[PDB]
$ cat final_14.txt   # compact mmCIF, N, CA and C atoms
# COMPACT_ATOMS: atom_id res chain seq x y z
N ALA A 8 5.37 -17.96 -4.38
CA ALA A 8 6.00 -18.43 -3.15
C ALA A 8 7.24 -17.61 -2.82
N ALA A 9 7.03 -16.49 -2.14
CA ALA A 9 8.13 -15.61 -1.75
C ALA A 9 9.02 -16.28 -0.71
N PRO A 10 10.26 -15.77 -0.58
CA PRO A 10 11.23 -16.30 0.38
C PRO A 10 10.84 -16.00 1.83
N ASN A 11 11.68 -16.43 2.76
CA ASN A 11 11.43 -16.20 4.18
C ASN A 11 11.90 -14.81 4.60
N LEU A 12 11.29 -13.78 4.02
CA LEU A 12 11.65 -12.40 4.33
C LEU A 12 10.65 -11.80 5.32
N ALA A 13 11.16 -10.96 6.22
CA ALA A 13 10.31 -10.31 7.22
C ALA A 13 9.12 -9.62 6.56
N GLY A 14 8.16 -9.21 7.38
CA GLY A 14 6.98 -8.54 6.86
C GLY A 14 7.09 -7.03 6.92
N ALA A 15 8.32 -6.54 7.04
CA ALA A 15 8.57 -5.11 7.11
C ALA A 15 7.70 -4.45 8.18
N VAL A 16 7.77 -4.98 9.39
CA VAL A 16 6.99 -4.44 10.51
C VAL A 16 7.28 -2.96 10.72
N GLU A 17 8.51 -2.55 10.40
CA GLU A 17 8.91 -1.16 10.56
C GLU A 17 8.55 -0.35 9.32
N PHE A 18 8.24 0.93 9.53
CA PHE A 18 7.87 1.82 8.43
C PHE A 18 9.06 2.04 7.50
N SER A 19 10.26 2.04 8.07
CA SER A 19 11.48 2.25 7.29
C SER A 19 11.70 1.10 6.31
N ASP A 20 11.26 -0.09 6.69
CA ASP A 20 11.41 -1.27 5.85
C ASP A 20 10.30 -1.33 4.80
N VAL A 21 9.16 -0.73 5.12
CA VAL A 21 8.02 -0.72 4.21
C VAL A 21 8.28 0.20 3.02
N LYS A 22 8.72 1.42 3.31
CA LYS A 22 9.01 2.40 2.26
C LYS A 22 9.94 1.80 1.21
N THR A 23 11.00 1.14 1.67
CA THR A 23 11.97 0.53 0.77
C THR A 23 11.36 -0.66 0.04
N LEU A 24 10.39 -1.31 0.67
CA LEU A 24 9.72 -2.46 0.08
C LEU A 24 8.81 -2.04 -1.07
N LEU A 25 8.23 -0.86 -0.95
CA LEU A 25 7.33 -0.33 -1.97
C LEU A 25 8.13 0.26 -3.13
N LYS A 26 9.09 1.12 -2.80
CA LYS A 26 9.93 1.76 -3.82
C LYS A 26 10.53 0.72 -4.75
N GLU A 27 10.95 -0.41 -4.19
CA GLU A 27 11.55 -1.49 -4.98
C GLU A 27 10.50 -2.14 -5.88
N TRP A 28 9.32 -2.38 -5.33
CA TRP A 28 8.24 -3.00 -6.08
C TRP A 28 7.76 -2.09 -7.20
N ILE A 29 8.08 -0.81 -7.09
CA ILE A 29 7.69 0.17 -8.10
C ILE A 29 8.80 0.40 -9.11
N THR A 30 10.04 0.20 -8.68
CA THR A 30 11.20 0.39 -9.54
C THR A 30 11.56 -0.91 -10.26
N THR A 31 11.94 -1.92 -9.48
CA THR A 31 12.31 -3.22 -10.04
C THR A 31 11.21 -3.76 -10.94
N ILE A 32 9.98 -3.72 -10.46
CA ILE A 32 8.84 -4.22 -11.22
C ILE A 32 8.14 -3.08 -11.96
N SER A 33 7.59 -3.39 -13.13
CA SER A 33 6.90 -2.39 -13.93
C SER A 33 5.50 -2.87 -14.30
N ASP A 34 5.38 -4.16 -14.59
CA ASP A 34 4.10 -4.75 -14.96
C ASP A 34 3.78 -5.96 -14.09
N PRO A 35 3.50 -5.70 -12.80
CA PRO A 35 3.18 -6.76 -11.83
C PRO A 35 1.82 -7.40 -12.11
N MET A 36 1.55 -8.50 -11.42
CA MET A 36 0.28 -9.21 -11.58
C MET A 36 -0.70 -8.84 -10.47
N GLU A 37 -1.94 -9.29 -10.61
CA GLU A 37 -2.97 -9.01 -9.62
C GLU A 37 -2.50 -9.42 -8.22
N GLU A 38 -1.71 -10.48 -8.15
CA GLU A 38 -1.20 -10.98 -6.88
C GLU A 38 -0.39 -9.90 -6.17
N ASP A 39 0.45 -9.19 -6.92
CA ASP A 39 1.28 -8.13 -6.37
C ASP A 39 0.42 -7.08 -5.67
N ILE A 40 -0.70 -6.73 -6.30
CA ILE A 40 -1.60 -5.73 -5.74
C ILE A 40 -2.33 -6.27 -4.51
N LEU A 41 -2.56 -7.58 -4.49
CA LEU A 41 -3.24 -8.22 -3.37
C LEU A 41 -2.30 -8.37 -2.18
N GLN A 42 -1.01 -8.50 -2.47
CA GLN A 42 -0.01 -8.66 -1.42
C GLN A 42 0.13 -7.37 -0.60
N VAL A 43 0.25 -6.25 -1.30
CA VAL A 43 0.39 -4.95 -0.64
C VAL A 43 -0.84 -4.63 0.20
N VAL A 44 -2.00 -5.08 -0.27
CA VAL A 44 -3.25 -4.84 0.44
C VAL A 44 -3.33 -5.65 1.72
N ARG A 45 -2.78 -6.87 1.67
CA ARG A 45 -2.78 -7.75 2.83
C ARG A 45 -2.05 -7.11 4.01
N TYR A 46 -0.84 -6.62 3.75
CA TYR A 46 -0.03 -5.99 4.78
C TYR A 46 -0.80 -4.85 5.45
N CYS A 47 -1.51 -4.07 4.64
CA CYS A 47 -2.29 -2.95 5.16
C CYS A 47 -3.49 -3.44 5.97
N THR A 48 -4.29 -4.30 5.35
CA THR A 48 -5.47 -4.85 6.01
C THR A 48 -5.10 -5.58 7.30
N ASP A 49 -3.86 -6.05 7.36
CA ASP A 49 -3.37 -6.77 8.54
C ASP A 49 -3.02 -5.79 9.66
N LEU A 50 -2.56 -4.61 9.29
CA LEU A 50 -2.19 -3.59 10.26
C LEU A 50 -3.41 -3.11 11.04
N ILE A 51 -4.47 -2.76 10.32
CA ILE A 51 -5.70 -2.30 10.95
C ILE A 51 -6.26 -3.34 11.91
N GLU A 52 -5.90 -4.60 11.68
CA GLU A 52 -6.36 -5.69 12.53
C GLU A 52 -5.65 -5.68 13.88
N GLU A 53 -4.45 -5.11 13.90
CA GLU A 53 -3.66 -5.04 15.13
C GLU A 53 -3.56 -3.59 15.62
N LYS A 54 -4.38 -2.72 15.05
CA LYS A 54 -4.39 -1.31 15.42
C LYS A 54 -3.05 -0.65 15.08
N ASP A 55 -2.27 -1.32 14.24
CA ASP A 55 -0.97 -0.80 13.83
C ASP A 55 -1.08 -0.06 12.50
N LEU A 56 -2.24 0.54 12.25
CA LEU A 56 -2.47 1.28 11.01
C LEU A 56 -1.78 2.64 11.05
N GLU A 57 -1.19 2.96 12.20
CA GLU A 57 -0.50 4.24 12.37
C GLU A 57 0.51 4.46 11.25
N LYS A 58 1.38 3.48 11.04
CA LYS A 58 2.40 3.56 10.00
C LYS A 58 1.77 3.45 8.62
N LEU A 59 0.67 2.72 8.53
CA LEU A 59 -0.03 2.54 7.26
C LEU A 59 -0.44 3.88 6.67
N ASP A 60 -1.14 4.68 7.46
CA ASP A 60 -1.59 5.99 7.01
C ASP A 60 -0.44 6.79 6.41
N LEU A 61 0.76 6.56 6.93
CA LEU A 61 1.95 7.26 6.45
C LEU A 61 2.43 6.67 5.13
N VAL A 62 2.30 5.35 4.99
CA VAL A 62 2.72 4.66 3.78
C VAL A 62 1.92 5.15 2.57
N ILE A 63 0.65 5.47 2.80
CA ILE A 63 -0.21 5.94 1.73
C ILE A 63 0.39 7.17 1.04
N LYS A 64 1.04 8.02 1.82
CA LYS A 64 1.67 9.22 1.29
C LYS A 64 2.87 8.87 0.42
N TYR A 65 3.51 7.75 0.72
CA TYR A 65 4.67 7.30 -0.03
C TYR A 65 4.26 6.64 -1.34
N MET A 66 3.13 5.93 -1.31
CA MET A 66 2.63 5.26 -2.50
C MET A 66 2.01 6.25 -3.47
N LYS A 67 1.18 7.15 -2.95
CA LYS A 67 0.53 8.16 -3.78
C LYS A 67 1.57 9.06 -4.45
N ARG A 68 2.65 9.35 -3.74
CA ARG A 68 3.71 10.20 -4.27
C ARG A 68 4.63 9.40 -5.19
N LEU A 69 4.69 8.09 -4.98
CA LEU A 69 5.53 7.22 -5.79
C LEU A 69 4.86 6.92 -7.13
N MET A 70 3.64 6.39 -7.07
CA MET A 70 2.90 6.05 -8.28
C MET A 70 2.76 7.27 -9.19
N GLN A 71 2.82 8.45 -8.60
CA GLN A 71 2.71 9.69 -9.35
C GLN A 71 3.83 9.81 -10.38
N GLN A 72 5.05 9.48 -9.96
CA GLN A 72 6.20 9.55 -10.84
C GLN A 72 6.00 8.67 -12.07
N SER A 73 5.13 7.68 -11.95
CA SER A 73 4.85 6.77 -13.05
C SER A 73 3.68 7.27 -13.89
N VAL A 74 3.70 6.94 -15.18
CA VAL A 74 2.63 7.35 -16.09
C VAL A 74 1.74 6.18 -16.46
N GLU A 75 2.28 4.97 -16.35
CA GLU A 75 1.54 3.76 -16.68
C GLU A 75 0.20 3.74 -15.95
N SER A 76 -0.85 3.34 -16.66
CA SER A 76 -2.19 3.28 -16.09
C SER A 76 -2.29 2.16 -15.06
N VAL A 77 -1.49 1.11 -15.26
CA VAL A 77 -1.48 -0.03 -14.34
C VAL A 77 -1.15 0.41 -12.92
N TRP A 78 -0.21 1.34 -12.80
CA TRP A 78 0.20 1.85 -11.49
C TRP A 78 -0.85 2.80 -10.93
N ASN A 79 -1.31 3.73 -11.76
CA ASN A 79 -2.31 4.70 -11.34
C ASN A 79 -3.58 4.01 -10.87
N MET A 80 -4.09 3.09 -11.69
CA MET A 80 -5.30 2.35 -11.35
C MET A 80 -5.07 1.47 -10.13
N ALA A 81 -3.92 0.81 -10.09
CA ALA A 81 -3.58 -0.07 -8.98
C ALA A 81 -3.72 0.66 -7.64
N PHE A 82 -3.08 1.82 -7.54
CA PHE A 82 -3.14 2.61 -6.31
C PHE A 82 -4.58 2.93 -5.93
N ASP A 83 -5.37 3.33 -6.92
CA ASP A 83 -6.77 3.66 -6.69
C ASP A 83 -7.50 2.51 -6.01
N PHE A 84 -7.22 1.29 -6.46
CA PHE A 84 -7.85 0.10 -5.89
C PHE A 84 -7.25 -0.24 -4.53
N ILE A 85 -5.93 -0.26 -4.47
CA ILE A 85 -5.23 -0.57 -3.22
C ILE A 85 -5.67 0.36 -2.10
N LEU A 86 -5.51 1.66 -2.32
CA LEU A 86 -5.89 2.66 -1.33
C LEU A 86 -7.38 2.56 -1.01
N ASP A 87 -8.17 2.17 -2.00
CA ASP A 87 -9.61 2.04 -1.82
C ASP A 87 -9.94 0.84 -0.93
N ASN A 88 -9.10 -0.18 -0.99
CA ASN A 88 -9.30 -1.39 -0.19
C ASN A 88 -8.95 -1.13 1.28
N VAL A 89 -7.84 -0.44 1.51
CA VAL A 89 -7.40 -0.13 2.86
C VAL A 89 -8.29 0.94 3.49
N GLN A 90 -8.84 1.82 2.66
CA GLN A 90 -9.70 2.89 3.14
C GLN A 90 -11.10 2.35 3.46
N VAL A 91 -11.52 1.34 2.71
CA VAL A 91 -12.84 0.74 2.92
C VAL A 91 -12.84 -0.17 4.14
N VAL A 92 -11.83 -1.04 4.23
CA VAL A 92 -11.72 -1.96 5.35
C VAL A 92 -11.77 -1.22 6.68
N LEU A 93 -11.04 -0.11 6.76
CA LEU A 93 -11.01 0.69 7.98
C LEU A 93 -12.30 1.47 8.16
N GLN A 94 -12.97 1.76 7.05
CA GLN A 94 -14.22 2.50 7.08
C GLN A 94 -15.33 1.67 7.73
N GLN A 95 -15.17 0.35 7.68
CA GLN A 95 -16.16 -0.55 8.26
C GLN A 95 -15.98 -0.65 9.78
N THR A 96 -14.74 -0.58 10.23
CA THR A 96 -14.43 -0.67 11.65
C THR A 96 -14.52 0.71 12.31
N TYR A 97 -14.17 1.74 11.56
CA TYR A 97 -14.21 3.11 12.07
C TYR A 97 -15.51 3.80 11.69
N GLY A 98 -15.82 3.79 10.39
CA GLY A 98 -17.04 4.42 9.92
C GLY A 98 -16.77 5.48 8.86
N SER A 99 -15.53 5.94 8.79
CA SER A 99 -15.15 6.96 7.82
C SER A 99 -13.83 6.60 7.15
N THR A 100 -13.32 7.52 6.33
CA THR A 100 -12.07 7.30 5.62
C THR A 100 -11.16 8.52 5.73
N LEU A 101 -9.95 8.40 5.18
CA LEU A 101 -8.99 9.49 5.22
C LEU A 101 -9.04 10.31 3.93
N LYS A 102 -8.58 11.55 4.00
CA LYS A 102 -8.57 12.44 2.84
C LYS A 102 -7.25 12.33 2.09
N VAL A 103 -7.33 12.22 0.77
CA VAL A 103 -6.14 12.12 -0.06
C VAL A 103 -5.95 13.37 -0.91
N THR A 104 -5.39 14.42 -0.30
CA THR A 104 -5.15 15.67 -1.00
C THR A 104 -4.09 15.51 -2.08
$ encode --input "final_14.txt" --output "structure tokens"
Amino acid sequence: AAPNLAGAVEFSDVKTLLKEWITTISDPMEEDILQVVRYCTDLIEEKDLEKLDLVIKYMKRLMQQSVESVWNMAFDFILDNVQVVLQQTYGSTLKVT
């Protein structure tokens, strides 16, 4: 039951929201991974995935600094969820160089 905090509608608020979840937290629960996915899956629903595509670059570059498998695997699933959901509405996915 999180507090009454905004949903980081702005990209500037999202980046800081992720960096903190990666720094402050080290061994999050499945819920944490499901929360980040919700925000993304919610964006594509409002065609506001524009900022989302950019967030992926921040997460992929962030999780990289970490060695823990929990983070590496987490990203693989998270990015896979946002890439799949959009693949159903669009038909394809984005490239992760």
$ select_by_dssp --input "final_14.txt" --residues "chain A" --states "helix (DSSP H, G or I)" --output "compact mmCIF listing (two decimals) with N, CA and C atoms, in the frame of the given file"
# COMPACT_ATOMS: atom_id res chain seq x y z
N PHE A 18 8.24 0.93 9.53
CA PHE A 18 7.87 1.82 8.43
C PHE A 18 9.06 2.04 7.50
N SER A 19 10.26 2.04 8.07
CA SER A 19 11.48 2.25 7.29
C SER A 19 11.70 1.10 6.31
N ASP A 20 11.26 -0.09 6.69
CA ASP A 20 11.41 -1.27 5.85
C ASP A 20 10.30 -1.33 4.80
N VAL A 21 9.16 -0.73 5.12
CA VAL A 21 8.02 -0.72 4.21
C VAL A 21 8.28 0.20 3.02
N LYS A 22 8.72 1.42 3.31
CA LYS A 22 9.01 2.40 2.26
C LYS A 22 9.94 1.80 1.21
N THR A 23 11.00 1.14 1.67
CA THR A 23 11.97 0.53 0.77
C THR A 23 11.36 -0.66 0.04
N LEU A 24 10.39 -1.31 0.67
CA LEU A 24 9.72 -2.46 0.08
C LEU A 24 8.81 -2.04 -1.07
N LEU A 25 8.23 -0.86 -0.95
CA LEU A 25 7.33 -0.33 -1.97
C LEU A 25 8.13 0.26 -3.13
N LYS A 26 9.09 1.12 -2.80
CA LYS A 26 9.93 1.76 -3.82
C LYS A 26 10.53 0.72 -4.75
N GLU A 27 10.95 -0.41 -4.19
CA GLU A 27 11.55 -1.49 -4.98
C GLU A 27 10.50 -2.14 -5.88
N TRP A 28 9.32 -2.38 -5.33
CA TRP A 28 8.24 -3.00 -6.08
C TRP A 28 7.76 -2.09 -7.20
N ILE A 29 8.08 -0.81 -7.09
CA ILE A 29 7.69 0.17 -8.10
C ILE A 29 8.80 0.40 -9.11
N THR A 30 10.04 0.20 -8.68
CA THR A 30 11.20 0.39 -9.54
C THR A 30 11.56 -0.91 -10.26
N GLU A 37 -1.94 -9.29 -10.61
CA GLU A 37 -2.97 -9.01 -9.62
C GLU A 37 -2.50 -9.42 -8.22
N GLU A 38 -1.71 -10.48 -8.15
CA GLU A 38 -1.20 -10.98 -6.88
C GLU A 38 -0.39 -9.90 -6.17
N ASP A 39 0.45 -9.19 -6.92
CA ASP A 39 1.28 -8.13 -6.37
C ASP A 39 0.42 -7.08 -5.67
N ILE A 40 -0.70 -6.73 -6.30
CA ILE A 40 -1.60 -5.73 -5.74
C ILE A 40 -2.33 -6.27 -4.51
N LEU A 41 -2.56 -7.58 -4.49
CA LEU A 41 -3.24 -8.22 -3.37
C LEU A 41 -2.30 -8.37 -2.18
N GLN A 42 -1.01 -8.50 -2.47
CA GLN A 42 -0.01 -8.66 -1.42
C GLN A 42 0.13 -7.37 -0.60
N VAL A 43 0.25 -6.25 -1.30
CA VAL A 43 0.39 -4.95 -0.64
C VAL A 43 -0.84 -4.63 0.20
N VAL A 44 -2.00 -5.08 -0.27
CA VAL A 44 -3.25 -4.84 0.44
C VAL A 44 -3.33 -5.65 1.72
N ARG A 45 -2.78 -6.87 1.67
CA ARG A 45 -2.78 -7.75 2.83
C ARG A 45 -2.05 -7.11 4.01
N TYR A 46 -0.84 -6.62 3.75
CA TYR A 46 -0.03 -5.99 4.78
C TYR A 46 -0.80 -4.85 5.45
N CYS A 47 -1.51 -4.07 4.64
CA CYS A 47 -2.29 -2.95 5.16
C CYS A 47 -3.49 -3.44 5.97
N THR A 48 -4.29 -4.30 5.35
CA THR A 48 -5.47 -4.85 6.01
C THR A 48 -5.10 -5.58 7.30
N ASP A 49 -3.86 -6.05 7.36
CA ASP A 49 -3.37 -6.77 8.54
C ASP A 49 -3.02 -5.79 9.66
N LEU A 50 -2.56 -4.61 9.29
CA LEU A 50 -2.19 -3.59 10.26
C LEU A 50 -3.41 -3.11 11.04
N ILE A 51 -4.47 -2.76 10.32
CA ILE A 51 -5.70 -2.30 10.95
C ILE A 51 -6.26 -3.34 11.91
N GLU A 52 -5.90 -4.60 11.68
CA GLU A 52 -6.36 -5.69 12.53
C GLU A 52 -5.65 -5.68 13.88
N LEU A 56 -2.24 0.54 12.25
CA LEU A 56 -2.47 1.28 11.01
C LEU A 56 -1.78 2.64 11.05
N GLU A 57 -1.19 2.96 12.20
CA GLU A 57 -0.50 4.24 12.37
C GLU A 57 0.51 4.46 11.25
N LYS A 58 1.38 3.48 11.04
CA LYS A 58 2.40 3.56 10.00
C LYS A 58 1.77 3.45 8.62
N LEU A 59 0.67 2.72 8.53
CA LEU A 59 -0.03 2.54 7.26
C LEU A 59 -0.44 3.88 6.67
N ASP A 60 -1.14 4.68 7.46
CA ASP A 60 -1.59 5.99 7.01
C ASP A 60 -0.44 6.79 6.41
N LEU A 61 0.76 6.56 6.93
CA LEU A 61 1.95 7.26 6.45
C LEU A 61 2.43 6.67 5.13
N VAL A 62 2.30 5.35 4.99
CA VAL A 62 2.72 4.66 3.78
C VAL A 62 1.92 5.15 2.57
N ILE A 63 0.65 5.47 2.80
CA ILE A 63 -0.21 5.94 1.73
C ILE A 63 0.39 7.17 1.04
N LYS A 64 1.04 8.02 1.82
CA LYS A 64 1.67 9.22 1.29
C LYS A 64 2.87 8.87 0.42
N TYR A 65 3.51 7.75 0.72
CA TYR A 65 4.67 7.30 -0.03
C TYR A 65 4.26 6.64 -1.34
N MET A 66 3.13 5.93 -1.31
CA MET A 66 2.63 5.26 -2.50
C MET A 66 2.01 6.25 -3.47
N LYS A 67 1.18 7.15 -2.95
CA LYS A 67 0.53 8.16 -3.78
C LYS A 67 1.57 9.06 -4.45
N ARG A 68 2.65 9.35 -3.74
CA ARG A 68 3.71 10.20 -4.27
C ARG A 68 4.63 9.40 -5.19
N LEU A 69 4.69 8.09 -4.98
CA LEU A 69 5.53 7.22 -5.79
C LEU A 69 4.86 6.92 -7.13
N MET A 70 3.64 6.39 -7.07
CA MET A 70 2.90 6.05 -8.28
C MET A 70 2.76 7.27 -9.19
N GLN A 71 2.82 8.45 -8.60
CA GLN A 71 2.71 9.69 -9.35
C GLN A 71 3.83 9.81 -10.38
N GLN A 72 5.05 9.48 -9.96
CA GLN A 72 6.20 9.55 -10.84
C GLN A 72 6.00 8.67 -12.07
N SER A 76 -0.85 3.34 -16.66
CA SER A 76 -2.19 3.28 -16.09
C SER A 76 -2.29 2.16 -15.06
N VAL A 77 -1.49 1.11 -15.26
CA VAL A 77 -1.48 -0.03 -14.34
C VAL A 77 -1.15 0.41 -12.92
N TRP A 78 -0.21 1.34 -12.80
CA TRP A 78 0.20 1.85 -11.49
C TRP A 78 -0.85 2.80 -10.93
N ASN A 79 -1.31 3.73 -11.76
CA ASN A 79 -2.31 4.70 -11.34
C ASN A 79 -3.58 4.01 -10.87
N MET A 80 -4.09 3.09 -11.69
CA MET A 80 -5.30 2.35 -11.35
C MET A 80 -5.07 1.47 -10.13
N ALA A 81 -3.92 0.81 -10.09
CA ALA A 81 -3.58 -0.07 -8.98
C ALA A 81 -3.72 0.66 -7.64
N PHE A 82 -3.08 1.82 -7.54
CA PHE A 82 -3.14 2.61 -6.31
C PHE A 82 -4.58 2.93 -5.93
N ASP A 83 -5.37 3.33 -6.92
CA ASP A 83 -6.77 3.66 -6.69
C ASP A 83 -7.50 2.51 -6.01
N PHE A 84 -7.22 1.29 -6.46
CA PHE A 84 -7.85 0.10 -5.89
C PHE A 84 -7.25 -0.24 -4.53
N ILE A 85 -5.93 -0.26 -4.47
CA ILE A 85 -5.23 -0.57 -3.22
C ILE A 85 -5.67 0.36 -2.10
N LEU A 86 -5.51 1.66 -2.32
CA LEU A 86 -5.89 2.66 -1.33
C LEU A 86 -7.38 2.56 -1.01
N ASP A 87 -8.17 2.17 -2.00
CA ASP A 87 -9.61 2.04 -1.82
C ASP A 87 -9.94 0.84 -0.93
N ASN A 88 -9.10 -0.18 -0.99
CA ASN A 88 -9.30 -1.39 -0.19
C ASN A 88 -8.95 -1.13 1.28
N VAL A 89 -7.84 -0.44 1.51
CA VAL A 89 -7.40 -0.13 2.86
C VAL A 89 -8.29 0.94 3.49
N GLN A 90 -8.84 1.82 2.66
CA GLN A 90 -9.70 2.89 3.14
C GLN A 90 -11.10 2.35 3.46
N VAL A 91 -11.52 1.34 2.71
CA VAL A 91 -12.84 0.74 2.92
C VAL A 91 -12.84 -0.17 4.14
N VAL A 92 -11.83 -1.04 4.23
CA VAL A 92 -11.72 -1.96 5.35
C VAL A 92 -11.77 -1.22 6.68
N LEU A 93 -11.04 -0.11 6.76
CA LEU A 93 -11.01 0.69 7.98
C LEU A 93 -12.30 1.47 8.16
N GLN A 94 -12.97 1.76 7.05
CA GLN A 94 -14.22 2.50 7.08
C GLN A 94 -15.33 1.67 7.73
N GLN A 95 -15.17 0.35 7.68
CA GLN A 95 -16.16 -0.55 8.26
C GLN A 95 -15.98 -0.65 9.78
N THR A 96 -14.74 -0.58 10.23
CA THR A 96 -14.43 -0.67 11.65
C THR A 96 -14.52 0.71 12.31
$ residues_around --input "final_14.txt" --residues "residue A:91" --least-positions-apart "4" --cutoff "8 Å" --atoms "only C-alpha atoms" --output "list in words"
residues 87, 95 and 100 of chain A
$ residues_around --input "final_14.txt" --residues "stretch 83-85 of chain A" --least-positions-apart "5" --cutoff "6.5 Å" --atoms "all atoms listed in the file" --output "ChimeraX atom specification"
/A:44,78,90
$ closest_residue --input "final_14.txt" --among "A:42, A:48, A:19, A:31" --to "residue A:93" --atoms "all atoms listed in the file"
A:48
$ closest_residue --input "final_14.txt" --among "A:76, A:18, A:26, A:38" --to "residue A:59" --atoms "all atoms listed in the file"
A:18
$ atom_distance --input "final_14.txt" --atom1 "atom CA of residue A:53" --atom2 "atom CA of residue A:94"
15.3 Å
$ closest_residue --input "final_14.txt" --among "A:46, A:54, A:27, A:82" --to "residue A:67" --atoms "all atoms listed in the file"
A:82
$ atom_distance --input "final_14.txt" --atom1 "atom N of residue A:36" --atom2 "atom C of residue A:15"
20.9 Å
$ closest_residue --input "final_14.txt" --among "A:101, A:74, A:9, A:16" --to "residue A:86" --atoms "only C-alpha atoms"
A:101
$ closest_residue --input "final_14.txt" --among "A:77, A:69, A:12, A:92" --to "residue A:51" --atoms "only N, CA and C atoms"
A:92
$ atom_distance --input "final_14.txt" --atom1 "atom CA of residue A:97" --atom2 "atom CA of residue A:23"
28.6 Å
$ residues_near_point --input "final_14.txt" --point "(-2.3, 13.8, -0.4)" --cutoff "8 Å" --atoms "all atoms listed in the file" --output "PyMOL selection string"
chain A and resi 63-64+67-68+102-104
$ closest_residue --input "final_14.txt" --among "A:17, A:28, A:80, A:39" --to "residue A:58" --atoms "all atoms listed in the file"
A:17
$ axis_aligned_box --input "final_14.txt" --around "stretch 12-17 of chain A" --padding-each-side "3 Å" --output "AutoDock Vina command-line options"
--center_x 9.3 --center_y -7.1 --center_z 7.4 --size_x 10.7 --size_y 19.4 --size_z 12.7
$ build_atoms --input "final_14.txt" --residues "stretch 50-61 of chain A" --atoms "N, CA, C and O atoms" --output "mmCIF file, keeping the file's coordinate frame"
data_model
loop_
_atom_site.group_PDB
_atom_site.id
_atom_site.type_symbol
_atom_site.label_atom_id
_atom_site.label_comp_id
_atom_site.auth_asym_id
_atom_site.auth_seq_id
_atom_site.Cartn_x
_atom_site.Cartn_y
_atom_site.Cartn_z
ATOM 1 N N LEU A 50 -2.560 -4.610 9.290
ATOM 2 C CA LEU A 50 -2.190 -3.590 10.260
ATOM 3 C C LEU A 50 -3.410 -3.110 11.040
ATOM 4 O O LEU A 50 -3.396 -3.071 12.275
ATOM 5 N N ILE A 51 -4.470 -2.760 10.320
ATOM 6 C CA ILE A 51 -5.700 -2.300 10.950
ATOM 7 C C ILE A 51 -6.260 -3.340 11.910
ATOM 8 O O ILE A 51 -7.006 -3.015 12.835
ATOM 9 N N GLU A 52 -5.900 -4.600 11.680
ATOM 10 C CA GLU A 52 -6.360 -5.690 12.530
ATOM 11 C C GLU A 52 -5.650 -5.680 13.880
ATOM 12 O O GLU A 52 -6.177 -6.172 14.873
ATOM 13 N N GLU A 53 -4.450 -5.110 13.900
ATOM 14 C CA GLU A 53 -3.660 -5.040 15.130
ATOM 15 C C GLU A 53 -3.560 -3.590 15.620
ATOM 16 O O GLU A 53 -2.751 -3.279 16.489
ATOM 17 N N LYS A 54 -4.380 -2.720 15.050
ATOM 18 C CA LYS A 54 -4.390 -1.310 15.420
ATOM 19 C C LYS A 54 -3.050 -0.650 15.080
ATOM 20 O O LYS A 54 -2.747 0.435 15.566
ATOM 21 N N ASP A 55 -2.270 -1.320 14.240
ATOM 22 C CA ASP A 55 -0.970 -0.800 13.830
ATOM 23 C C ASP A 55 -1.080 -0.060 12.500
ATOM 24 O O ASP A 55 -0.131 -0.037 11.713
ATOM 25 N N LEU A 56 -2.240 0.540 12.250
ATOM 26 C CA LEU A 56 -2.470 1.280 11.010
ATOM 27 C C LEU A 56 -1.780 2.640 11.050
ATOM 28 O O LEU A 56 -1.788 3.374 10.070
ATOM 29 N N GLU A 57 -1.190 2.960 12.200
ATOM 30 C CA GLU A 57 -0.500 4.240 12.370
ATOM 31 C C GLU A 57 0.510 4.460 11.250
ATOM 32 O O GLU A 57 0.500 5.494 10.581
ATOM 33 N N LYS A 58 1.380 3.480 11.040
ATOM 34 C CA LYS A 58 2.400 3.560 10.000
ATOM 35 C C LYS A 58 1.770 3.450 8.620
ATOM 36 O O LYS A 58 2.281 4.018 7.648
ATOM 37 N N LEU A 59 0.670 2.720 8.530
ATOM 38 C CA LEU A 59 -0.030 2.540 7.260
ATOM 39 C C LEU A 59 -0.440 3.880 6.670
ATOM 40 O O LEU A 59 -0.127 4.180 5.516
ATOM 41 N N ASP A 60 -1.140 4.680 7.460
ATOM 42 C CA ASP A 60 -1.590 5.990 7.010
ATOM 43 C C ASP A 60 -0.440 6.790 6.410
ATOM 44 O O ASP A 60 -0.631 7.591 5.497
ATOM 45 N N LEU A 61 0.760 6.560 6.930
ATOM 46 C CA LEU A 61 1.950 7.260 6.450
ATOM 47 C C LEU A 61 2.430 6.670 5.130
ATOM 48 O O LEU A 61 2.902 7.387 4.246
#
